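Engineer: Here it is, the structure in full.
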Number of protein chains: 2
Amino acid sequence: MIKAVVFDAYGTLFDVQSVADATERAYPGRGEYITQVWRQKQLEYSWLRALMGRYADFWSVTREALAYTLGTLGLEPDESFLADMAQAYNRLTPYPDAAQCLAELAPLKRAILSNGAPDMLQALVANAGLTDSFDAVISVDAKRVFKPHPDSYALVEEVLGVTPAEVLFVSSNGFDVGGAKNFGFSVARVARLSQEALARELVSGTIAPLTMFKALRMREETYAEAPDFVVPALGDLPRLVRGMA
Amino acid sequence: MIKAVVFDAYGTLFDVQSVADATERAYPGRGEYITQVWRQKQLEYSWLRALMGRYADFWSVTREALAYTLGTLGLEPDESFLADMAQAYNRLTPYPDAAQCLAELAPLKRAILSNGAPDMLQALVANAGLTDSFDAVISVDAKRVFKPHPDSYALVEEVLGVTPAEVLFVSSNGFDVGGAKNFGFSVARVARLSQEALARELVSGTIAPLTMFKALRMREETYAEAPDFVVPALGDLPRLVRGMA
Ligand SMILES: [Cl-]
Ligand SMILES: [Cl-]
């Protein structure tokens, strides 16, 4: 039986597009571009540092990815500027139905498992006023790996004392859905982009940037095990757990 | 002293864009798009499978990435179709000056180290007419990991008998430059896209999807150690090695 619902953070509970106005200031006219490449490179760097055996926490990864992104535009921001702007990732707006979802999921154990560094996750959760909606906010930092490395998911039992079989893992990120399934969790994927809409979008003449991010990041990955469940939004999870049991 | 020049394959010796006519002919109007996403997801899947501890060789990775790419367009081709089309990756055109470069390096040991599966690399090199240009063509497959995992680079000494100190590693891929440097090789990066040109392209108005790939894939990665040398072309390598040590 499901005893805990563990949430991915970035892209699942929190909207990574919401750094929009901060990036638009870093380079007027190019906010959309920066938003997308920043997120993409942030993910790539977490995978590559881990795979290379050169871990650095998500705060370093986030700043390195921002530096790369602004670099493509010909900028050369200093550490002070980078540390300042990267704070936008600790202010991400929660999806509008997150709070209600989490409230209805009580008394089940509720937690976050995220690539985010400890201080990042605490600030992000605090800013969103969701601190008391979680029994635990788990960072991969203790294991010095990033998802989808199995050690990241091993943390859930260590912290919550529930077995993988008793966990419903929730994520909008295909690679995270894959890593959680690989580890042994039941998984509910949050799919906000209908496949059919993307397909037609990619056929409608010139292809835009956000569309590029969407094509690369909003689908199930072909190498991964399929999620047990797919829902359109977080608010659907309470109903899923009920009609599930 | 440098005793061996070890080459990355995909993107360095061989042009991954040369699958264009095949992807386009296969699906009119969608070639450029497919070419970019195919390569991007091929890389992502090599990293994510390795990081999950769920290795499959590059041939499986190449076909999974193609299936994903065609899937974004709403296509669902069978395995037979995927295997046939994926053969395009075993026929990539070598860069025009690869043959001459390798020839002028004949005194030194010449090798390839690649994510490519054994049979993929043999065909790729043979079809390019470069089989007699290498003392060894090394696949990561034996280690059952993908770059930039250190075990990939460990293969060089195992096969050639030279220490990391005696190796000049050549690559156009930032993540691979980073992996080679972390492992201890001297590295010559091949940078075919000038930073200043990319910057201006990214602001030349509406950003094209092709520029998206360039922005994600053709620069040094900020988390990675800098390469020892950067040349604009393979043909500049012999001259670089002459006045090196
Ligand atoms: Cl993340
Ligand atoms: Cl590769």
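Naming works like this for the structure tokens: A, B, ... for the chains as they're shown, residue 1 at the start of each chain, ligands 1 onward in shown order.
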Got a sec: who's within 6 Å of stretch 95-111 of chain A, counting only C-alpha atoms, leaving out chain neighbours fewer than 3 positions off, as a short mmCIF file (atom, residue, chain, number, x, y, z; two decimals) with N, CA and C atoms, in the first residue's frame?

Structural biologist:
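The new file selection16.cif reads:
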data_model
loop_
_atom_site.label_atom_id
_atom_site.label_comp_id
_atom_site.auth_asym_id
_atom_site.auth_seq_id
_atom_site.Cartn_x
_atom_site.Cartn_y
_atom_site.Cartn_z
N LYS A 3 2.26 4.48 1.16
CA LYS A 3 2.36 5.11 2.46
C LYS A 3 2.95 6.52 2.36
N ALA A 4 3.60 6.80 1.23
CA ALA A 4 4.23 8.10 1.03
C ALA A 4 4.16 8.54 -0.43
N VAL A 5 4.00 9.85 -0.63
CA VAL A 5 4.02 10.45 -1.96
C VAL A 5 5.24 11.38 -2.02
N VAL A 6 6.21 11.02 -2.85
CA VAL A 6 7.46 11.77 -2.91
C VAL A 6 7.51 12.55 -4.21
N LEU A 13 6.71 20.40 -8.95
CA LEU A 13 6.01 21.25 -7.99
C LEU A 13 6.26 22.72 -8.32
N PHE A 14 7.41 23.00 -8.92
CA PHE A 14 7.85 24.36 -9.20
C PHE A 14 8.10 24.61 -10.68
N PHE A 134 5.24 19.20 4.00
CA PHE A 134 6.18 18.10 3.80
C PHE A 134 6.75 17.55 5.11
N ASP A 135 6.78 16.22 5.20
CA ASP A 135 7.39 15.52 6.33
C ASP A 135 8.91 15.54 6.17
N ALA A 136 9.36 15.66 4.93
CA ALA A 136 10.78 15.72 4.65
C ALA A 136 11.03 16.36 3.29
N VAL A 137 12.10 17.15 3.21
CA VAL A 137 12.57 17.70 1.96
C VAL A 137 13.99 17.15 1.74
N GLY A 235 -3.16 18.37 -9.12
CA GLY A 235 -4.44 18.30 -8.42
C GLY A 235 -5.16 16.98 -8.60
N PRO A 238 -4.60 13.23 -5.68
CA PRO A 238 -5.42 12.69 -4.59
C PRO A 238 -6.43 11.68 -5.12
#

Engineer: I'd like a table as CSV: residues in stretch 34-95 of chain A with an atom no more than 12 Å from stretch 172-186 of chain B, each row giving the shortest atom pair and its distance in Å to one decimal, only C-alpha atoms counted, sorted by chain and rising residue number.

Structural biologist:
residue,atom,partner,partner_atom,distance
A:41,CA,B:175,CA,11.4
A:44,CA,B:175,CA,9.4
A:45,CA,B:175,CA,9.0
A:46,CA,B:175,CA,11.9
A:47,CA,B:175,CA,10.5
A:48,CA,B:175,CA,7.1
A:49,CA,B:179,CA,9.2
A:50,CA,B:179,CA,11.2
A:51,CA,B:179,CA,9.2
A:52,CA,B:179,CA,6.3
A:53,CA,B:182,CA,9.0
A:54,CA,B:182,CA,8.4
A:68,CA,B:174,CA,11.6

Engineer: Pull N, CA, C and O atoms from the residues just selected and write them as a CSV table (one decimal), in the first residue's frame.

Structural biologist:
chain,number,residue,atom,x,y,z
A,41,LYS,N,20.9,23.2,-19.7
A,41,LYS,CA,22.3,23.0,-19.3
A,41,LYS,C,22.5,22.7,-17.8
A,41,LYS,O,23.4,22.0,-17.4
A,44,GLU,N,21.9,19.0,-17.9
A,44,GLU,CA,23.1,18.3,-18.5
A,44,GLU,C,24.3,18.3,-17.5
A,44,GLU,O,24.9,17.3,-17.4
A,45,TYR,N,24.5,19.4,-16.9
A,45,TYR,CA,25.6,19.5,-16.0
A,45,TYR,C,25.5,18.6,-14.7
A,45,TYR,O,26.5,18.1,-14.2
A,46,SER,N,24.3,18.4,-14.3
A,46,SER,CA,24.0,17.5,-13.1
A,46,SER,C,24.4,16.1,-13.6
A,46,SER,O,25.0,15.4,-12.8
A,47,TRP,N,24.0,15.7,-14.8
A,47,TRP,CA,24.3,14.4,-15.3
A,47,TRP,C,25.8,14.2,-15.5
A,47,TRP,O,26.4,13.2,-15.1
A,48,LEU,N,26.4,15.2,-16.2
A,48,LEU,CA,27.8,15.1,-16.6
A,48,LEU,C,28.8,15.1,-15.4
A,48,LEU,O,29.7,14.4,-15.4
A,49,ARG,N,28.5,16.0,-14.4
A,49,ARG,CA,29.4,16.1,-13.2
A,49,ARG,C,29.3,14.7,-12.5
A,49,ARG,O,30.3,14.2,-12.1
A,50,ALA,N,28.1,14.2,-12.3
A,50,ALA,CA,27.9,12.9,-11.6
A,50,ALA,C,28.6,11.8,-12.4
A,50,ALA,O,29.3,11.0,-11.8
A,51,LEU,N,28.3,11.7,-13.7
A,51,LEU,CA,28.8,10.6,-14.5
A,51,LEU,C,30.4,10.6,-14.5
A,51,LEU,O,31.0,9.6,-14.6
A,52,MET,N,30.9,11.8,-14.5
A,52,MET,CA,32.4,12.0,-14.6
A,52,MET,C,33.0,11.7,-13.2
A,52,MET,O,34.2,11.6,-13.1
A,53,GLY,N,32.2,11.6,-12.2
A,53,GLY,CA,32.7,11.4,-10.8
A,53,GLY,C,33.2,12.7,-10.2
A,53,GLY,O,34.1,12.7,-9.4
A,54,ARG,N,32.6,13.9,-10.6
A,54,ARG,CA,33.1,15.2,-10.2
A,54,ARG,C,31.9,15.9,-9.6
A,54,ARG,O,31.5,17.0,-10.2
A,68,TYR,N,27.2,29.5,-18.6
A,68,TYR,CA,27.3,29.0,-19.9
A,68,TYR,C,26.2,29.7,-20.8
A,68,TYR,O,26.5,30.2,-21.9

Engineer: Which of these, B:94, B:232, B:227, B:116, has the shortest distance to ligand 2 once you count only C-alpha atoms and all ligand atoms?

Structural biologist: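 Looking only at the distances to ligand 2, the closest residue turns out to be B:116.
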
Engineer: Could you tell me, counting only C-alpha atoms and all ligand atoms, which protein and nucleic acid residues lie no more than 9 Å from ligand 2, written as a PyMOL selection string?

Structural biologist: chain B and resi 8-11+39+42-43+46+58+114-116+146-147+173+176

Engineer: Those residues with C-alpha atoms, as a tab-separated table (two decimals), in the first residue's frame please?

Structural biologist:
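Writing done, so here's selection_22.tsv:
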chain	number	residue	atom	x	y	z
B	8	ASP	CA	36.71	11.26	-30.44
B	9	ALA	CA	34.53	10.00	-33.35
B	10	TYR	CA	31.02	11.50	-33.57
B	11	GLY	CA	31.27	15.22	-34.22
B	39	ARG	CA	21.93	13.78	-31.90
B	42	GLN	CA	21.43	10.18	-28.48
B	43	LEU	CA	23.88	11.99	-26.17
B	46	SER	CA	24.10	7.63	-23.32
B	58	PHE	CA	25.36	2.89	-28.65
B	114	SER	CA	34.20	6.46	-28.94
B	115	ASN	CA	30.79	5.84	-27.39
B	116	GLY	CA	30.07	4.01	-30.64
B	146	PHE	CA	29.48	5.94	-21.68
B	147	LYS	CA	31.56	9.12	-21.70
B	173	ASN	CA	32.43	17.78	-27.84
B	176	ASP	CA	34.16	14.78	-23.88

Engineer: Which of these, A:165, A:20, A:140, A:203, has the shortest distance to ligand 1 once you count only C-alpha atoms and all ligand atoms?

Structural biologist: A:140
